[PDB]
Every structure is written in C-alpha cells, then in structure tokens.
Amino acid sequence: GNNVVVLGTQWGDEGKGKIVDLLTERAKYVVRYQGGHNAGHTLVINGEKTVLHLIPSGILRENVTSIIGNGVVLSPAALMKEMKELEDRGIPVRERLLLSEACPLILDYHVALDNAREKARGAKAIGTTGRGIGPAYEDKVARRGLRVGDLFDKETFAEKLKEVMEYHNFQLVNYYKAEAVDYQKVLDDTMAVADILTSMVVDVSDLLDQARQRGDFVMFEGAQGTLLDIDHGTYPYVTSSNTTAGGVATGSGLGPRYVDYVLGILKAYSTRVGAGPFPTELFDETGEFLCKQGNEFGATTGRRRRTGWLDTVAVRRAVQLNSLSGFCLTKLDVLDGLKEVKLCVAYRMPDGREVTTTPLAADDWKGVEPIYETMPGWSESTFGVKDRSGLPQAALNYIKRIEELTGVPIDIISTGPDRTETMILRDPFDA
C-alpha cells in the first residue's frame, strides 16, 4: 500500500530508523509525526553510522523529501545542530527537508522546566531524556506555546515569547527556586535561525493529500514505542505524545483512512530506557548478555537500557492498538549462543488470575508476573543473514511461535545494524 507506517511496538529502540532508511528506497516522502529529539534512530550504511533525532530517517536519500509534521515538537537549536553535522558529511539537509508551521517550538526554558519537574519527582522521576518534550507538549495543549508559524512575524513573536517566558520564569524562580532562563538570550538564539527554519515550511496536510491522490509512496516514521503512548502506555512513565498509529493522522494531517500498512517494529527481546513497568525484565547474566550483545545504550542519552525477554502479552496490546499489518522482527542475531530463549505468553495477576491482556497505568502493573514458554536456542550465527534458509530451525521455530502467539506475519527480519543485513519477505509497499 502507498501509505506505510513504521512504528515501535515495544518501548522504543526497536530499530525504527534502520527500517525507515531501508524501506524508503521506494519512497517519495518520509514523515515524522510525533516526538522531538528524544528519538535517536541509528542508520548504518556500509558501516557508516548516523544517529538521527529530530530529522527523519529518509534524509540520506536524495529521492526522498523528509518532512517534520505538525505533531512533532521542534527544537530550533537541535535542528541547526543536527543540520550542520549532516551537512559537513555531504547531506544537503536543507535541500531535502520540509517543516510544518503548526509544529510547536521547544525552547531552552522547556528544558529548565523538564529538569525542574524531574528533580521534584525525586525517586519517582520518569527518566525523561531531558530535551523538554513534555513542557513543549504542555504549552501546546495549553494554547500558550509558540509554533513555527509565529516566526512569520518576528515583532509579535518577541511579544508572545516575552509573556510566555515571564509566566514560565515565575514558576522556575519562585515555586522551584530554579535558575531563570534569559528572555533576550532565547530571543536572539532563535531569531538567528528563523529564516532557515521558515524557509523549509510547507503545508504538510495538503502536501500529503496531493501526494496521496497521486499514488506516491509515503512512509511515516514513528518515535518512541507503543507502551510509551501518552494515552495507552504505562502512564505516567510515558512520553507526552501519542506514539500509537492514531498519531500518524493527528501529527501529519493525513486522513486516518489513508493508512494502508502499519508495520510494527518488534525487537527479538525487550528493552526499556527510563522508569516504568517491565514484566520480563532480566537482572541476570542473560540480562547483561542481552545488554552487551545488543549494544543496548540510548542513542540519545547514552543510558544503559534495561533488557528483558520478548513479551507477547504486551506486544498484542501493540497489535490491536496499532492495526498492525505486519511485524519486522529485529535483532535476532543478538540471540545467537543462548541455550534457551523464553517468550512471555501470559501474566499472573497479584490476585492469582492468569490473564493474557495488559494493565494500563503503571500502578496497575505492580505485582504482575510473567508466564513464559521456553524454546530451544541456537548455536549458528544469524548476524548478516538475508535469507531464511540461513536461519537455523530453532530461530525459524521462534519466529513461527511469535506469529502463532500474535496472529500477525513477521514480514521482515533484521540481522544486523547495516541496512543490508536484513531479509524482506513481504514489502509493505506491495500489500
């Protein structure tokens, strides 16, 4: 189908970037519809590494127009920052990237607040990336936030910003007893890049409407993961945006009926970065092994990711929430060497019940326990394989099992960070 969606089923870091970059070969457009620069999508072409945050994972391709949709919270500083680095490496970002005037702007004070709010939580801190995503989303919904479009008139922008910062500073100064952000400094840093910024503006909805009617291949690239959804995730240990497929339509302007394929990116095991429920979490040799073998560190904060077995109970929440058409099974290779591999098939509630559905808010996950199905591991190397034939029967079995347990076909299998260490079995652009 023309419109293909690529999002994280678990808790982010499944490998969305890599799959976006590999599938965009046929795409005219790639659109990030939510998140900000908390995302850290790692691309790897012939070993050259690139971790993108704010800029879409289609940038390395000239044939693709990279779009930052209205649903994304935009940090002008982060953009220039990533833009230049990409430019020095021969990526004419500016020549291939478009923006939404609706995009709310993340400015320094948003990080002051995000910082303040996290400390104030003490032991109960979310584990935010520190980029100010939340405060930006807050101001948005509040209707006091500034968006890309406010830059069209620098005089009124300065006025608007003044009020905003005043309000924000009152609280940072008085309630939090925090260091106040300087208005003049924010105004200057921003105006220094406004033209560049505004130069990339496009009417993203209308674009997608016409690109749609034309039959063009659009790829929407997600940020974070399903269980981090502001609504459906382990609230409040979530991200402030709708990481679920519904976000595609709200964060871009493309009507919901135009989604043709939702590919759920699914890692061979599970990880979490930040605080929050994790039934299948491993704190043993296997835990460290999974970490070590899969270089599980934040592509944005460098924090150690928590590791655990693949959770089928929670993945099926992802299935229904997202309208998955298929899964792309990533990082199978990291499982090589393990004698047995486990997959949680059910949850044992603290009251005794065996359930196969998941809790919602974090509190409701407290004493929940995982029930596994233990399958044979494999000795063979999986890394770099691009043909099921190269996969040992155990792995194939493990793949079939996941499919059985979910009722969704694993259309793509990834065997390495490199764009080429993958096997596409069914290409979403054909379905």
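Start at 1 and count along the sequence shown; that's the residue number.
Checked against the record, the higher mean CA B factor of 130 to 138 and 81 to 89 lies with 81 to 89. Stretches 320 to 328 and 353 to 361 differ in mean CA B factor, with 353 to 361 having the higher one. Each of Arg147, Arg121, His232, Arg143 has a CA temperature factor in the record; the biggest one is found at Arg121.
Of the candidates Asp206, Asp311, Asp260, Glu166, the deposited coordinates give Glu166 the top C-alpha B factor. In this PDB entry, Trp378 carries a Cα temperature factor that places it within the highest third of its chain's modelled residues.
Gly47: CA B factor lies in the middle third for its chain, per the PDB record.
In the PDB entry, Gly302 places in the middle third of its chain by CA B-factor. Annotation for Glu281: CA B-factor lies in the middle third of the chain's modelled residues. When all modelled residues of the chain are sorted by CA temperature factor, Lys386 is found within the highest third.
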